[PDB]
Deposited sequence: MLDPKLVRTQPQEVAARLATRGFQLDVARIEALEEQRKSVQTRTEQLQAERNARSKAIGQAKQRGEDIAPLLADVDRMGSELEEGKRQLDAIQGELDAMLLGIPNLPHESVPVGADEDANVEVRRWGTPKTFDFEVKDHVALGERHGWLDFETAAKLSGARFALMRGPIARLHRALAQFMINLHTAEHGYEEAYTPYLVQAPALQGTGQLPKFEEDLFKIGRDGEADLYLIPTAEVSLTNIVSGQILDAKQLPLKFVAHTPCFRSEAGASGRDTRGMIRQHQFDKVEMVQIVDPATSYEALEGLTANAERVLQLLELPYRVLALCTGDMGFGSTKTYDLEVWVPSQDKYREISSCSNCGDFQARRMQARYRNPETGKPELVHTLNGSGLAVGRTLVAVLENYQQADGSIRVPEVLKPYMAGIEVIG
């Protein structure tokens, strides 16, 4: 949610900033609703003035021994219209709120203005994509060899876009997730958390997936119970820890890390696109003055995972036309994928500003004013575990089809140094 006062009073300036995202604000409808509101409010004011006078004129008519029936009938009619005037103003405000819940965030001034994906800038890249002396295999060819990565058995259980891992590939996947959590808790100042993987609608509305992106979620419809949704990311559960709270300035920043499955009902082959995937999520609840510096740190934390695994990657600053709904500024990390001869997305790191904090009423008590003020929220993958496994399998492949274990993962691989 944007600032309601800003959208209602400056719809033209808000529309112009939003147009950079390709989003066309319904300025004609905001102004029409605002014209209707002003018209009803002026009618209720004139009626309040008329009814109050008539209601007190009954007292005076009584003192004169006069008939009060014409006056009571006037007051009663006026009262009934004021009650409708309230219903009209409530239904106008109701329509305006429903509309404001579907508006994407305002891009920060520093975001490059672009109409599409081609206006995204490379910020920097790290490491050098390996030149192989043999024909590179993809992660599907590599992992299927001994049945350690099995899409057929997963299709037999659950249908398309699911995976089954066994033996050393399953251990390598767990090693990756354990390495990420241990790194963020030991070196990057994040507090570990275990969260529900099923949330009710209010949590998803707090982070921006609801009301607009319901069709992308798996829903559990329940009889006489509030429906449950499978989390698309631990961002939903972690960010909402602070909903409806006034935090002390001393408690900021709150930094959370969670390793959870992620469920989405939205080449893309093998493990690139899945209905379920593990992701180690980083979430920060910060002082608004520090959120853009916090984003730089958050991005460096996700990068550190790739540097430690020695995986060549690239950092992209997303343009205005290529951002997520609730983001003011995003950096995408893209890992080198040898079988594709390109870098592919492995993490998105965003500053949401006060957009999610507004929806969930997550606040802090400002020290200067003493007044409760909205916090800023940030989130970032550090990393999507299945995609890192794809990167590990492909970048560490040997000529015989075996896989070298990355150095930082050997303590988790129980003596295994080469897979197959």
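K.L.:
In sequence order, which deposited residues have no C-alpha?
P.N.:
According to the record, the single gap falls at 267-272.
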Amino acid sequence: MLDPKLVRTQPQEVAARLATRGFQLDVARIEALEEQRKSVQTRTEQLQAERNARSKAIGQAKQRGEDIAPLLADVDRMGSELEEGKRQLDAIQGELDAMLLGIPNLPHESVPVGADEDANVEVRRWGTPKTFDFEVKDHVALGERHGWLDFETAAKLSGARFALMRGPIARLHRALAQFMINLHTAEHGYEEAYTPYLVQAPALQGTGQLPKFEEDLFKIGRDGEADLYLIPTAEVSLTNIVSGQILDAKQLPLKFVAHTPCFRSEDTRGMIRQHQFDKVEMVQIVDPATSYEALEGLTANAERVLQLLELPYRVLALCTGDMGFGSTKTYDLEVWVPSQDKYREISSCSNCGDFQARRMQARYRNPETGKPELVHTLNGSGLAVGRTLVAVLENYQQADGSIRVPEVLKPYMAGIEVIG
From here on, numbers count along this sequence of modelled residues.
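K.L.:
Which is higher on mean Cα B factor in this entry, 386-394 or 55-63?
P.N.:
The entry gives the higher C-alpha B-factor average to 55-63.
K.L.:
Per the entry, where is the mean C-alpha temperature factor higher: 128-136 or 194-202?
P.N.:
The recorded data point to 128-136.
K.L.:
Looking at 251, 348, 185, 88, which has the highest CA B-factor as recorded?
P.N.:
Answer for 251, 348, 185, 88: 251, with the highest C-alpha B-factor.
K.L.:
Which one, 270, 102, 326, 232, has the peak C-alpha temperature factor per the PDB entry?
P.N.:
That would be 270, according to the entry.
K.L.:
When the modelled residues of the chain are sorted by Cα temperature factor, does residue 33 land in the lowest, middle or highest third?
P.N.:
As the PDB entry reports it, the C-alpha B-factor of residue 33 lands in the middle third of its chain.
K.L.:
Give the position of residue 247 by CA B-factor within its chain, expressed as the lowest, middle or highest third.
P.N.:
For residue 247, the deposited C-alpha B-factor lands in the highest third.
K.L.:
Using the B-factors in the PDB entry, rank residue 166's C-alpha atom against the chain and give the third, lowest, middle or highest.
P.N.:
It falls in the middle third of the chain.
K.L.:
Thinking about Cα B factors across the chain, which third does residue 227 belong to?
P.N.:
Answer is middle: the recorded C-alpha B-factor places it there.
K.L.:
Ranking every modelled residue in this chain by its Cα temperature factor as given in the entry, which third contains residue 259?
P.N.:
Its C-alpha B-factor, which the entry lists for residue 259, ranks in the lowest third among residues of this chain.
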